[PDB]
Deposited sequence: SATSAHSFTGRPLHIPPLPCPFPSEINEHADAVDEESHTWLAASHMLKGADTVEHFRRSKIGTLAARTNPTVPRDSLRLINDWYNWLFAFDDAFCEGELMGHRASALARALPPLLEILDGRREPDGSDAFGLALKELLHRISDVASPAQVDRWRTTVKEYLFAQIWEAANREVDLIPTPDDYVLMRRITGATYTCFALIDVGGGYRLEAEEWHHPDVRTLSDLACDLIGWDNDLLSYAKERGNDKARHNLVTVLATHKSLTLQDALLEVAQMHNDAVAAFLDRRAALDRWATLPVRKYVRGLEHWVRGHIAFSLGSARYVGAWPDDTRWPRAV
């Protein structure tokens, strides 16, 4: 039987007080968007409690901010899930991006037939209502990078390759859209990091470590579920097992070791940041901590993730 390694994390684990009410509001918004095809998928999303992830990763923000962030998570989950099999055609996916970039740049009104485009325009305008032009463009840049990164996944599927560790660790930071969520921490909190605060090497280093932790933790806990989706090709467990000739168990343990090394590096760099940080930088870094820890709590507690593992699988003690 397999044993799931613990993912120890000293960061506080909290949940927004508006979690259940906003989850319901946001799911209703997604169900009415027409972004999902089929009552079956709509019901799967409802049971997934995406608002729980939003509330655990943004536990301090006001109700209106949580609703905006929850709608954005629902857009991302829907976009990832959904058609023309463009996930296996790099050329076709690349050629399908310009119309979406036009909408993101505010250069074209979406067509009434374009569920993803209509919802993206709506979210851009709602973010613009509570964010400066510099904050809007910081988010827009992370979304463009996420969209371009989808072509890289399609490229791997097209030639049936499992990506190498180095290529995967770099690209996994942008394929998962986590940076698009980090870009809304100051916005959701009602504050604004200055350009030189945001781009300070210490803030970028902590942001990159948090983004690694979230991607690797998600890859490990979703692994059993992801085996039913393109043989979990885009998953650090598959990548390490394949390229380092490991057993599934030793691959799981190496992901947990990478997690522990990343946590140590985060604590080390945060001590250096604690010397100079302004209140907004300190709130942003606490935001990164809540995101990493809240994501673990959500993923550990997911019926769909836990259920996919074989019945004899051993889960670690609560850390």
*Since the structure holds only modelled residues, which stretches of the deposited sequence does it leave out?*
1 to 11, 94 to 96
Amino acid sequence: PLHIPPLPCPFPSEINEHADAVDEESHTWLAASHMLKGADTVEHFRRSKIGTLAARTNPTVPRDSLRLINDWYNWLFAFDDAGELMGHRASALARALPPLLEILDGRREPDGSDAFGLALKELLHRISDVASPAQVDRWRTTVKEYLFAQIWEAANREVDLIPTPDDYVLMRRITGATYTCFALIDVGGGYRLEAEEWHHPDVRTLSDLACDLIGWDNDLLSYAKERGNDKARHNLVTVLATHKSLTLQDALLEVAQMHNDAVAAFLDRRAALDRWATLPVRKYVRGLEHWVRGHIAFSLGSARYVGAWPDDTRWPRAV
From here on, numbers count along this sequence of modelled residues.
*Would 254 to 262 or 38 to 46 have the larger average of its C-alpha temperature factors, as given in the entry?*
38 to 46
*In the PDB record, does 234 to 242 or 84 to 92 carry the higher mean Cα temperature factor?*
84 to 92
_Relative C-alpha B-factor of residue 225, binned into the chain's lowest, middle or highest third_ = highest
*Which third, lowest, middle or highest, does the CA B-factor of residue 205 fall in along this chain?*
middle
*Would the CA B-factor of residue 117 place it in the lowest, middle or highest third of its chain?*
lowest
_Third assignment of residue 137 from its chain's C-alpha B-factors_ = lowest
*Among the modelled residues of its chain, does the C-alpha B-factor of residue 33 lie in the lowest, middle or highest third?*
middle
